[PDB]
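Input: a single structure, listed below in structure tokens.
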Amino acid sequence: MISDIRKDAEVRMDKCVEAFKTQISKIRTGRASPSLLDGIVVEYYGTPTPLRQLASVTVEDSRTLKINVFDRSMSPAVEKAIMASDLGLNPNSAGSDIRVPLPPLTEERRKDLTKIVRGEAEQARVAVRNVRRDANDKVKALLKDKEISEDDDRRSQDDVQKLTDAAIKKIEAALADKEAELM
Amino acid sequence: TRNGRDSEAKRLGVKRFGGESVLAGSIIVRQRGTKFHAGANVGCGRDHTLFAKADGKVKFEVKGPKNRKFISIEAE
RNA sequence: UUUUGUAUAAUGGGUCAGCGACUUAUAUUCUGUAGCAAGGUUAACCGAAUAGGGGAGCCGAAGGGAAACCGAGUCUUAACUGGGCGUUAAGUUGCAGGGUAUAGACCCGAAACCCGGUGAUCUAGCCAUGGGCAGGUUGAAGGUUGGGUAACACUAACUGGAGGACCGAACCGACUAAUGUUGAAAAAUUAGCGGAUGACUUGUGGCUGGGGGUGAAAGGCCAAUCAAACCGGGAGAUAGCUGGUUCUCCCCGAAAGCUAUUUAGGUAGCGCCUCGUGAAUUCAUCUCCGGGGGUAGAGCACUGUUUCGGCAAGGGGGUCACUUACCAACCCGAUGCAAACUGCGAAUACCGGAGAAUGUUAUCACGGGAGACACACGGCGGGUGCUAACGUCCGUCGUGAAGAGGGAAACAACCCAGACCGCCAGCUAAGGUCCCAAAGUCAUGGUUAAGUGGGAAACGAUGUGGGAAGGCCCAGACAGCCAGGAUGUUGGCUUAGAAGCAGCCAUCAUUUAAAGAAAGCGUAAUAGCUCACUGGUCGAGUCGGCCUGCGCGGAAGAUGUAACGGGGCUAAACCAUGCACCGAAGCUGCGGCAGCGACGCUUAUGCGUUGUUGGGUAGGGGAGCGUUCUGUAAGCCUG
RNA sequence: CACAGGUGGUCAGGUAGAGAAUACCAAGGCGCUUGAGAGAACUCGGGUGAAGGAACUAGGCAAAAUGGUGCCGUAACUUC
RNA sequence: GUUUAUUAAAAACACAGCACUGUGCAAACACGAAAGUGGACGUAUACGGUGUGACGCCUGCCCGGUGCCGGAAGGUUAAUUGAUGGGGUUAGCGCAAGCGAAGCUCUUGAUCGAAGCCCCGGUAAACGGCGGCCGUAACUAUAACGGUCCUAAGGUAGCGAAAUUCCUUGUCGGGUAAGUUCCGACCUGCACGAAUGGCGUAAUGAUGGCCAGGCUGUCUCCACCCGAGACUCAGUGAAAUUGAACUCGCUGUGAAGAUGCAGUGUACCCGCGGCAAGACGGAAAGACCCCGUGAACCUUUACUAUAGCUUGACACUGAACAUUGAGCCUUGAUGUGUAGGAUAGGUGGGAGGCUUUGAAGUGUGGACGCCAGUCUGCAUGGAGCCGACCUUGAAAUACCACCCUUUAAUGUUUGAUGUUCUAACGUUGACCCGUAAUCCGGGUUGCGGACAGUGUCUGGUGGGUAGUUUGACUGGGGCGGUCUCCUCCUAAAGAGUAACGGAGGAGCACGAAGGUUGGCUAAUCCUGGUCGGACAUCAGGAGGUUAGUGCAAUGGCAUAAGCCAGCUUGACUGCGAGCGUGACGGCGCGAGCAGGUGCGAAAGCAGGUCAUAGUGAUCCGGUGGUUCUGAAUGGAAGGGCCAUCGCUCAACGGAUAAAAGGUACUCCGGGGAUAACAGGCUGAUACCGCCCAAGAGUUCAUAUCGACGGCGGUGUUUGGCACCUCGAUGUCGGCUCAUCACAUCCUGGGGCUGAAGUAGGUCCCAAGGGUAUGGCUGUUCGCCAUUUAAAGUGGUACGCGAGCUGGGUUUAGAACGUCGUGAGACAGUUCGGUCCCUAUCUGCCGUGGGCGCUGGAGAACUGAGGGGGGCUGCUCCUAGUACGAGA
Ligand SMILES: NC[C@@H]1O[C@H](O[C@H]2[C@@H](O)[C@H](O[C@@H]3[C@@H](O)[C@H](N)C[C@H](N)[C@H]3O[C@H]3O[C@H](CO)[C@@H](O)[C@H](O)[C@H]3N)O[C@@H]2CO)[C@H](N)[C@@H](O)[C@@H]1O
Ligand SMILES: NC[C@@H]1O[C@H](O[C@H]2[C@@H](O)[C@H](O[C@@H]3[C@@H](O)[C@H](N)C[C@H](N)[C@H]3O[C@H]3O[C@H](CO)[C@@H](O)[C@H](O)[C@H]3N)O[C@@H]2CO)[C@H](N)[C@@H](O)[C@@H]1O
Ligand SMILES: [Mg+2]
Ligand SMILES: [Mg+2]
Ligand SMILES: [Mg+2]
Ligand SMILES: [Mg+2]
Ligand SMILES: [Mg+2]
Ligand SMILES: [Mg+2]
Ligand SMILES: [Mg+2]
Ligand SMILES: [Mg+2]
Ligand SMILES: [Mg+2]
Ligand SMILES: [Mg+2]
Ligand SMILES: [Mg+2]
Ligand SMILES: [Mg+2]
Ligand SMILES: [Mg+2]
Ligand SMILES: [Mg+2]
Ligand SMILES: [Mg+2]
Ligand SMILES: [Mg+2]
Ligand SMILES: [Mg+2]
Ligand SMILES: [Mg+2]
Ligand SMILES: [Mg+2]
Ligand SMILES: [Mg+2]
Ligand SMILES: [Mg+2]
Ligand SMILES: [Mg+2]
Ligand SMILES: [Mg+2]
Ligand SMILES: [Mg+2]
Ligand SMILES: [Mg+2]
Ligand SMILES: [Mg+2]
Ligand SMILES: [Mg+2]
Ligand SMILES: [Mg+2]
Ligand SMILES: [Mg+2]
Ligand SMILES: [Mg+2]
Ligand SMILES: [Mg+2]
Ligand SMILES: [Mg+2]
Ligand SMILES: [Mg+2]
Ligand SMILES: [Mg+2]
Ligand SMILES: [Mg+2]
Ligand SMILES: [Mg+2]
Ligand SMILES: [Mg+2]
Ligand SMILES: [Mg+2]
Ligand SMILES: [Mg+2]
Ligand SMILES: [Mg+2]
Ligand SMILES: [Mg+2]
Ligand SMILES: [Mg+2]
Ligand SMILES: [Mg+2]
Ligand SMILES: [Mg+2]
Ligand SMILES: [Mg+2]
Ligand SMILES: [Mg+2]
Ligand SMILES: [Mg+2]
Ligand SMILES: [Mg+2]
Ligand SMILES: [Mg+2]
Ligand SMILES: [Mg+2]
Ligand SMILES: [Mg+2]
Ligand SMILES: [Mg+2]
Ligand SMILES: [Mg+2]
Ligand SMILES: [Mg+2]
Ligand SMILES: [Mg+2]
Ligand SMILES: [Mg+2]
Ligand SMILES: [Mg+2]
Ligand SMILES: [Mg+2]
Ligand SMILES: [Mg+2]
Ligand SMILES: [Mg+2]
Ligand SMILES: [Mg+2]
Ligand SMILES: [Mg+2]
Ligand SMILES: [Mg+2]
Ligand SMILES: [Mg+2]
Ligand SMILES: [Mg+2]
Ligand SMILES: [Mg+2]
Ligand SMILES: [Mg+2]
Ligand SMILES: [Mg+2]
Ligand SMILES: [Mg+2]
Ligand SMILES: [Mg+2]
Ligand SMILES: [Mg+2]
Ligand SMILES: [Mg+2]
Ligand SMILES: [Mg+2]
Ligand SMILES: [Mg+2]
Ligand SMILES: [Mg+2]
Ligand SMILES: [Mg+2]
Ligand SMILES: [Mg+2]
Ligand SMILES: [Mg+2]
Ligand SMILES: [Mg+2]
Ligand SMILES: [Mg+2]
Ligand SMILES: [Mg+2]
Ligand SMILES: [Mg+2]
Ligand SMILES: [Mg+2]
Ligand SMILES: [Mg+2]
Ligand SMILES: [Mg+2]
Ligand SMILES: [Mg+2]
Ligand SMILES: [Mg+2]
Ligand SMILES: [Mg+2]
Ligand SMILES: [Mg+2]
Ligand SMILES: [Mg+2]
Ligand SMILES: [Mg+2]
Ligand SMILES: [Mg+2]
Ligand SMILES: [Mg+2]
Ligand SMILES: [Mg+2]
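Here the protein sequences line up with chains AV and BW, keeping their order. Position in the first sequence counted from 1, then plus 1, gives you the entry's author numbering. Position in the second sequence counted from 1, then plus 7, gives you the entry's author numbering.
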């Protein structure tokens, strides 16, 4: 009945938002953001797996970013792994901490980059909006097969709305501070 | 789920009590089990109802080791 | 009027006058009444006509059975020990009344259905026959000519005068806005506006007719009316709905429930009311006697739910069936919880036997007439809800309903109390007694000081009463003032610094009267610094838990004080006791009327004393008034 | 209704005018069957309006505005 | 161009053009019981119908469903024909019991029988339809690709946030200072898409949306002027309305929003002009909503009829020849299961018929034929093939019987098709007379011709038409759900007791699972025990009915009602003292009596089942018995009496044998008995506040905050309720004019600050005044631009239509999406769409009259009391000072 698609609609949604958060994690703002490296493909001596399984992705300041590691025979091995990976980060081999700098918001970055997140935001909305479409298609469907009451439909067609609405609030307000990381 | 139905009342119980008058054939108690039992001149029916096989006075009592209730009729 | 309920801001009525609604006919039953009686009575008709004839016929004295049949019996059944229905109960015909059946059947009222007629003088379409379109534009085809071509194509003038063509009056229309909206007008006026040679516009006459027409199609038009015209009919269609229902006095007096229902705002049987007939101490209260209870409450053996402990299979994990940190059933002990648990188990309630008082038979049966089956609030027990609702659904009682009076400011439903009538008399109830405003500025003992009283909780506070106990203290306590407050010692300390020191660890170890390796101000770390502790000083009380009354904060709303009715109250508040008084349509006292009994005088019973009853809606029962008309009446009153 | 509505055909003067539009006139016909005064709000119909110019409003509703003839001259698009 | 005369002029209708389809003329078609008439004095280059809607580029896939167009082989079938059997009667045979001739009669219904349907085929510019799921690309993401299911088949071209888009103000872009609209994109098309047409299009348009110049009193923000009313005077003289009025406020009360109640406050008497907050003001028995076993029209695969259309039979209706669909059929054949001296009748007789009264098998003139085989007209043939054969579930075409399969011809016989004929009948060909007549009749003639057509009967079709139906309960209705029956709880220790209250079960089973006699005794745990576990069976102990009851629950049950056996039919017929329970109809219990059984030695027990569900009235009719009835009599028929049969009449006391829907085109009777606005009750929810203090706050709980929890206040959100109003309380927003609260937005006065200054934060006090213009949308709201000291939150019928507006929103028009077969429908969207009222009372703004104030008059006053006003920026000096490292 409605029950096991009210909860079904719900999981599909608040796991829709937790992809957005996840794909505005692979952008480069001014700020340090260690979760930038903490999702990078990297080889080392046998198998893939990110650098999570090797170094601490720490910080030095808002505009720089220390890489505390254990083992000092792969410093060039990862350096290239990082310095060829669609980011544009030249790591200094100052020794010890693979210094990766954070070059500033160049304004053609405060913008156009910003345009990307609030676009990526929008498509995350669309996915949610479409969980909506389905969720109550099931509702509407199990009505014209007399298993619901008009009332029970109506109170289920809304509330699905309540799920969309709130779920958007999460998308929108996770984007909104992420916009502060440049504005 | 759907509740909301029940049977008719079957209007059971004691019909003539202790030391009532009552002529033979009259019913003394409707019951489902033999909550009461048949004493002297009071034959239990297929109902489990206890009528009387003699004009007389009703008498409740309790004999035996299971301590169960018997309806007698004191002769009259 | 309708309602649970109406000043209701719910219906109806501008007022008066006159008219305006339970009838008529025939059956049928009951009642009253009259005659005749195991008989009663005739109908049509005759009639010499309310007579008298006429007894066809109807009802009754006999029933039982499906019937044949039998008959004071019969049926049942092979038959009944028996059972069902009858015999033990007078009927019938008029007259008056109460119902019912058929009828319009109290009156008014639909939207509609059917029949037959009248309507195309409005309007839709069509058919004949006649009218109408100022003025100004553009310039199709076609023609002529010249240029051009190898000839055509091509091109230029000029001519010509097409078009549901252009602008624009008349005429046709009706997009906008104001006005008008008891108009100048039941669809217009004013300023703008679309068409204006066309599928245009208009005059006369004609044709199409109602489930029919007509429709460049809106359900539009068919005479100010159209999802079926108008007029007359069937017709007083039907109205389980709404409204209304007209004189007076007496007695009783409900229901808003059950059960069934194309049933739910209707109806029927039952319940309840009324009237009649009849019948036993019938019925009720209380007393004793004979009964079954499984509810309140409690309990945890059962069923389940549950916490601690002990005990433990197994379950969960380490092995290469074992150990096990861990979640652990059963049993055991301690402890709770239950509408659908009970080894317990009340109070009430109910049934039955007896008995006395009282009770206007209050009881049962039968019969005549009903009404009613929308309930409401309150108390108590509950389901529902939120132990929300002026909520909803049951049980039980009370009141309103259908009941006035006094109280609760006002306030159907609460408190008090049941109004036959008169009284310028009396006692009370509930509620009251400072003024409004009838009666205590009453008596005594407390409390509160907040206008608490006269609105609100968790919680907060040396408010202020009462009670029983505690600790400390002239070997000097409680506060205050004087002082000391030192040294293991930085304490070691992952201590970059902490030594009380966000941290570190323990907190044990010197000393003296006493001073924590530490209570906080606190430093970069020192630390300057008060504490705790102790000596003095002062000199008799001080400390804070328990039980308890009253009060304080917690406390913000909208028109106006507006959270005692008001004034105002420090008692005019609160608690306790007492005695007074005021207070009602209650009780009493006089006087009167009526229904029902009783005694005494006395019969158609008047009656004296007396006992008792007399709110009332639906509704039943009883008794009258007055109007018009007939007889009495050629009487009587009357210029 | 002595109703600001409806009602088919005829006639076609002067000046301006393209005109049967329109203004003024002729011929002819009328002032509309309650008057008198006042010179408030407010409504009705109208005139003018500083600076601003759609800020109004659902909306430029309403108003304001353009308006004749002659000659120059005129873009996209087009079924030419 | 047309249209809702009188709220809609549009995107609606018409249109030319396109297509589908029907019509050979006495056209189809329409009006006409008919005659006739239109169509048309037309003739397929015509006429009718349906859809589309100039033009341009185009118009895809789907025939399964419903339609329509073809079919025939059968299957099924009408009237009709009346085979065949059954029965009534009674001449006669009968001791009687019976039997039963004809005839007359009541049945039964062989055979014949068309279309339709079944079925097969076609058709979409017929109605109409055009999918799901699962995976897949070196990172992600997506999926050109694969799989699978389902279909009739799964949306091509073009188009797309649209007249279509819910979420939506989608996102991006432009335009603007600011744009819910607009324009350009995108595609995530809830739910576009190809003549119920798709996509474009110059021109047209009192058509929908957006922008810009000009212009302006539309607006900042109103001023002045001219006129018609309004005002005064004279003349004439209405209206709705009206229980009655001696007709104030405030706060409470109250049928719940008070001139009239309670308390209180204020108020000398009466007009005139003005305003519209109130008298739930006027007007119209509310249109919304619901109810009525109300009404209309309307739709349809609702029901029942029916005109029409169509099939056959009989009649009108005659004469002739032939063909063949055929039930059946004498002359007679028709024929390999597995193991064959072989293409074996169900299975049998049975011991020479044909030869002599013309026959092998080697050709095959006829030929079946699965081209594998063969009977053998006429004889060739010129005196014996051969059979129970040793195989076979069974031995010979060795002779002959009716023939399960198949097949073939007389007679004729079921009945169908064809031709010819002319004399019925038709003639909407010509000519003739009545007759100077496109009617009519008669006559001649040609054509047609027993056809057509018509009447009676009969199958089908039949929303063309007509009559109706389409339940109720319900915390309004609808939607869901429910409707009889049984058990527990609610149920307040007798009975009973309601809700859309909390839980479950029944619409049967069993010939034994019934009867009786005899006998027997569980569950669970512990211990031992092969497969063997928590539990299969065995042993023992504990246990003691926790098991078992055919099944829900409750009551029962050891004397068992539980379990086994033997014998059995009491799962008996008549009755029934006396009770139980029902308004009733009914339902239940019952000893005992009669008769007749079974079981037991006997006492006794048995009229179904441990009990409580397991069911359906009456009518109507079937069946069996029974002289009870019997329309002159005898019989019969029919009726009665007994037994029994037919119903998810379940909406389960069953309105019919027989029934669904629309109405926004609507209508009428009703109701505040009953929903929607506003009020009232409530306060779960909301909002505002408070209690506790782990924690955040570098350290520190309370500067600022605060988890797990807790207590309130308000009336103020979402709600619940149905008290008021349905003989009418106009709904959102705007405008104008407001008025109160304080939970204070600014300005004023303070405390704490994690307050240096400046500027903040939080709290207390404070309601005096003040508290924005715009873009967008109907919006309140909100986002946005830009101001301001600030752009406060509430109450006031979510203040304010007898003050304005009419954008939103609910009438009638229209359309798109979507739903429906349709009428229509949407709490979807789009374009259009009549806003009445002259003020009696209250109140209010103004302004007069009267009287009083004590003899009267003229002034000037005192001021009890009432109202008005009460806002705030910047700059500057103080001073570049205090403070600050500076800024
Ligand atoms: N071809 C048969 C025809 O029968 C006719 O006779 C008719 C009647 O006479 C005859 O009726 C006879 C009856 O008479 C005689 N007494 C008894 C016989 N059983 C009946 O026969 C009839 O009745 C039986 C039922 O009983 C039915 O099956 C059916 O109607 C008929 N067979 O049945 C015939 C019709 O059914 C004529 N004889 C004649 O036209 C011709 O022969
Ligand atoms: N119209 C253009 C085409 O549209 C296609 O669209 C098709 C796809 O989206 C989709 O195809 C899927 C296929 O991808 C998937 N892997 C398997 C699935 N069975 C297919 O389904 C398709 O094909 C099968 C027949 O085999 C049909 O049954 C089904 O209706 C159809 N949708 O179904 C659509 C066809 O109906 C593709 N986009 C591409 O081939 C092309 O663009
Ligand atoms: Mg009422
Ligand atoms: Mg009443
Ligand atoms: Mg009252
Ligand atoms: Mg009033
Ligand atoms: Mg009134
Ligand atoms: Mg009224
Ligand atoms: Mg009235
Ligand atoms: Mg005419
Ligand atoms: Mg023209
Ligand atoms: Mg024009
Ligand atoms: Mg119009
Ligand atoms: Mg005009
Ligand atoms: Mg008209
Ligand atoms: Mg009609
Ligand atoms: Mg009438
Ligand atoms: Mg009649
Ligand atoms: Mg019923
Ligand atoms: Mg209890
Ligand atoms: Mg334990
Ligand atoms: Mg009780
Ligand atoms: Mg008693
Ligand atoms: Mg009596
Ligand atoms: Mg009656
Ligand atoms: Mg009722
Ligand atoms: Mg009731
Ligand atoms: Mg009740
Ligand atoms: Mg209660
Ligand atoms: Mg009173
Ligand atoms: Mg009170
Ligand atoms: Mg009073
Ligand atoms: Mg007293
Ligand atoms: Mg007094
Ligand atoms: Mg005193
Ligand atoms: Mg107070
Ligand atoms: Mg001291
Ligand atoms: Mg307090
Ligand atoms: Mg006292
Ligand atoms: Mg007294
Ligand atoms: Mg008195
Ligand atoms: Mg009295
Ligand atoms: Mg007296
Ligand atoms: Mg009395
Ligand atoms: Mg009385
Ligand atoms: Mg009385
Ligand atoms: Mg005049
Ligand atoms: Mg006139
Ligand atoms: Mg003129
Ligand atoms: Mg005049
Ligand atoms: Mg003027
Ligand atoms: Mg002007
Ligand atoms: Mg100006
Ligand atoms: Mg100017
Ligand atoms: Mg300008
Ligand atoms: Mg605007
Ligand atoms: Mg305009
Ligand atoms: Mg103008
Ligand atoms: Mg036009
Ligand atoms: Mg119109
Ligand atoms: Mg045509
Ligand atoms: Mg069209
Ligand atoms: Mg197509
Ligand atoms: Mg767009
Ligand atoms: Mg479409
Ligand atoms: Mg179209
Ligand atoms: Mg006058
Ligand atoms: Mg009030
Ligand atoms: Mg008032
Ligand atoms: Mg006035
Ligand atoms: Mg009404
Ligand atoms: Mg119909
Ligand atoms: Mg209903
Ligand atoms: Mg009980
Ligand atoms: Mg059994
Ligand atoms: Mg036994
Ligand atoms: Mg074991
Ligand atoms: Mg006879
Ligand atoms: Mg006879
Ligand atoms: Mg419509
Ligand atoms: Mg319509
Ligand atoms: Mg009505
Ligand atoms: Mg109400
Ligand atoms: Mg109200
Ligand atoms: Mg109610
Ligand atoms: Mg109620
Ligand atoms: Mg009104
Ligand atoms: Mg305050
Ligand atoms: Mg705070
Ligand atoms: Mg604006
Ligand atoms: Mg705004
Ligand atoms: Mg603009
Ligand atoms: Mg409002
Ligand atoms: Mg108005
Ligand atoms: Mg509108
Ligand atoms: Mg006015």
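Where is the CB? At the ideal position from N, CA and C, for every residue including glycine.
Beta carbon of residue i nearer than 8 Å to that of residue j
i                      : j                      : result
residue 18 (chain AV)  : residue 172 (chain AV) : yes
residue 167 (chain AV) : residue 129 (chain AV) : no
residue 65 (chain BW)  : residue 34 (chain BW)  : no
residue 80 (chain AV)  : residue 94 (chain AV)  : yes
Proximity to residue i [Cα-Cα], best of the options
i                     : options                : result
residue 11 (chain AV) : AV:143, AV:133, AV:138 : AV:133
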